Each structure stands twice: as C-alpha cells, then as structure tokens.
C-alpha cells in the first residue's frame, strides 16, 4: 500500500521536473551560447517587452539549429570552440536542440492574447520552421547522395530560399505582424540569398588567401554548383569528375582542398562568377 500510494501520487500529478534536471539537460545549449532585430525595429517600432521575446525566440531557434547543423555537417568547431556534440555527445545534443525548438514555440504565446494575432504568429513560426527543414533536407540530401543529383543554379537558389530564407523571414514576418503597421519580405529574401552565397564564397576565398571546411563537408555550395554545371556544359569530363571525387573524399588535407579551389579559380572561373553574382545582387538591393 505504501508503494501503491506513491504510484497514486505520481499518476495524479503533472510530471516532476527540477531546476537541477533543467540545468543538466541544457548543457549543449549553454555551451553554444558562449543586431538585425534592433535594426529592423527602427521601422516596425515594437514595444520593448515584445521585442525582447521576439529576440529570445530567434536566438533559441538560431542556436538550436546550429547544434543540429553541426552534427549534420560533422563540424569540429563552432564559434571558435569545439562543437557541443564532441563534448556532450550526439544523443544529448540532438535532444537538447530539439527541446529548445519547443521552448521557442512556447514563447510565442507570451507575445499576445489576441486570438487572431496568436494564430497568425504560430502559423508564421510553423511555416518557416517547415521551410528551414525542407531546405536543410535538400542541402543534406544532395551532399550525401552525390552524384545522384547535381543541382543547377536554380535548384540551389530555391534551396537557399527555404534554408536561409527560413529564419530571415521568420524574424521579419513575426515583427511585421506585431507592428501596429509594403512587406519587406522580398528584401529579406534577397538579403538572405546574398548572405548565403557570400558565406559559400568566403569559405573558399579566405582559405585561398590564407579552413575551407565546406570542401571537407562536401557541400554543394554556390561556387561548386557553378563549377559542376560549367564542366558538364563545356565537356570537361575529367575536371567534372575530379570535383566530384574530391568532394566525396570528405578530406581535411589542405593541399587537396587548395587544388579544388584553384580549379574553381583558373579552370571554371567559378570564383569570379560568384564574386560577380554577389555584386549584381548587392547592386539590386541598393
């Protein structure tokens, strides 16, 4: 009866969860913790306690998405430090990241009571999280099943619209919806495309000038997509195949990585094409 009584207590109450338990499971997230919203707000003009919550939400989603992305990308370093999954393990990191996505979601109701507005906010959250995963899904798929699919520039841009555009739009849309009041989404869409291609570009260019981890990862980056379609079109069979073989080695060898970068530089002219593309895009936004 003494036991049957503890069981009765147990099942008749909400699950027990201590502040100690919360700290233990939060380790991966606290480790990775170690200005766009402020800017955008100069136009949206949201009261400050709402702006603070939009900020917590975007911060939880961004950091959590990086913990998962680093496991998905086999990344050794993030923000200058060892990635959380190498310290705490893949199991804990995945579970904590996923836990934080749901804590982010919980914060959405601290933004308002107005049932019409609430439904819209939750839909924005749900929509863009679906987008982010669809984009991340193709990015990973192309990479891990190469050469099953060789994306074209159009396929890559559409992937970036889902992947990169997801948190940019989530941030912008939440803020527009909370604003006492045309949409800046097309501008944020462009801003995100620039950001991603620039990221892909400098990952190689910084290396060529002096880790180019995107090559080790085997990612179908913007310059890489140009190089593979360029080589196919121009009948450069051997170069097409060598770009593929190197990507598939998942190599950390610095000379093999530089070889691939110089093929992009001298053989396909993918680096110049990409630098030009980014310039044409910045010109458009300006």
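Positions refer to the first chain, counted from 1. Here the rigid core means the biggest group of C-alpha atoms that line up within 1.5 Å when the two forms are laid on top of each other.
Visitor: Stretch 75-83 versus stretch 153-161: after rigid core alignment, which one is farther off in C-alpha RMS in 9 other deposited structures of this protein?
Guide: Relative to the shown form, the greater RMS C-alpha distance in 9 other deposited structures of this protein belongs to 75-83.
Visitor: Please tell me which region, 36-44 or 235-243, has C-alphas lying farther from the displayed form on average in 9 other deposited structures of this protein, with superposition done on the core.
Guide: Most displaced of the pair in 9 other deposited structures of this protein: 36-44.
Visitor: Answer yes if residue 210 is missing coordinates in at least a third of the other compared entries, and no if every one of them models it.
Guide: Per the records, residue 210 goes unmodelled in at least a third of the other entries.
Visitor: So residue 34 and residue 35 are neighbours in the shown sequence, but is anything from the deposited sequence left out between them? Give the count as none, 1 to 3, 4 to 9, or 10 or more.
Guide: In the deposited sequence, 4 to 9 residues between these two have no coordinates.
Visitor: Indicate whether the chain is continuous between residue 181 and residue 182 or, if not, how many deposited residues are absent from the coordinates: none, 1 to 3, 4 to 9, or 10 or more.
Guide: Unmodelled stretch: 4 to 9 residues.
Visitor: Return whichever of 19-27 and 273-281 has the greater mean Cα B factor according to the PDB record.
Guide: The entry gives the higher C-alpha B-factor average to 273-281.
Visitor: Which is higher on mean Cα B factor in this entry, 160-168 or 135-143?
Guide: That would be 160-168.
Visitor: Determine which member of 50, 65, 239, 221 has the highest CA B-factor, using the values in the deposited entry.
Guide: Largest recorded C-alpha B-factor: 50.
Visitor: Between 60, 46, 247, 225, which one tops the list for Cα B-factor in this entry?
Guide: Result of the comparison over 60, 46, 247, 225: 46.
Visitor: Using only modelled residues of the chain, where does the Cα B factor of residue 203 rank: lowest third, middle third or highest third?
Guide: For residue 203, the deposited C-alpha B-factor lands in the middle third.
Visitor: Please rank the C-alpha B-factors of the chain's modelled residues and tell me whether residue 95 sits in the lowest, middle or highest third.
Guide: As the PDB entry reports it, the C-alpha B-factor of residue 95 lands in the lowest third of its chain.
Visitor: Would the CA B-factor of residue 83 place it in the lowest, middle or highest third of its chain?
Guide: As the PDB entry reports it, the C-alpha B-factor of residue 83 lands in the lowest third of its chain.
Visitor: Can you tell me whether residue 153 has a C-alpha B-factor in the lowest, middle or highest third compared with the other modelled residues of the same chain?
Guide: Within its chain, residue 153 is a middle-third residue by C-alpha B-factor, going by the deposited values.
Visitor: For residue 101, does the deposited CA B-factor place it in the lowest, middle or highest third of the chain?
Guide: Its C-alpha B-factor belongs to the lowest third of this chain's values.
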